[PDB]
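The next block holds one structure in the form of structure tokens; read it before the comments.
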Amino acid sequence: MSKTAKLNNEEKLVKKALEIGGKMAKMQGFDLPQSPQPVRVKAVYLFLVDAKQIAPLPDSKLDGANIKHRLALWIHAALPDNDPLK
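Residue 32 in the authors' numbering sits at position 32 of the sequence shown, with consecutive numbering throughout.
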């Protein structure tokens, strides 16, 4: 299994993971808060680790960049065409 497609502007993939992870959480019976931005990113992350969508980062890699990166490769794989969101 070679790594499918390239990942350009991570920011768009993070946002799309806020969309899919946010709406999924909501429909699963939750509500992620409309708070600054990196807090919502981390909220989506916790939900996705619970949902076994991604693996838990250690407290050393529990950082805004690493969280966004988890969400990025998640949705990059989650899209069936593995689209770069460009």
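Quick reminder that beta carbons are idealized off the backbone N, C-alpha and C, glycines included.
Check: Find the nearest neighbour of residue 36 within the set 78, 64, 24, 4, judged by alpha-carbon distance.; Outcome: 64
Check: Give the straight-line distance between the Cα atoms of residue 18 and residue 48, rounded to the nearest whole angstrom.; Outcome: 11 Å
Check: Can residue 75 and residue 13 be called in contact, C-beta distance under 7 Å?; Outcome: yes
Check: Can you tell me where the alpha helix (DSSP H) holding residue 54 begins and where it ends?; Outcome: No alpha helix (DSSP H) contains residue 54, which DSSP labels as neither H nor E.
Check: Going by beta-carbon coordinates alone, are residue 41 and residue 68 separated by less than 7 Å?; Outcome: yes
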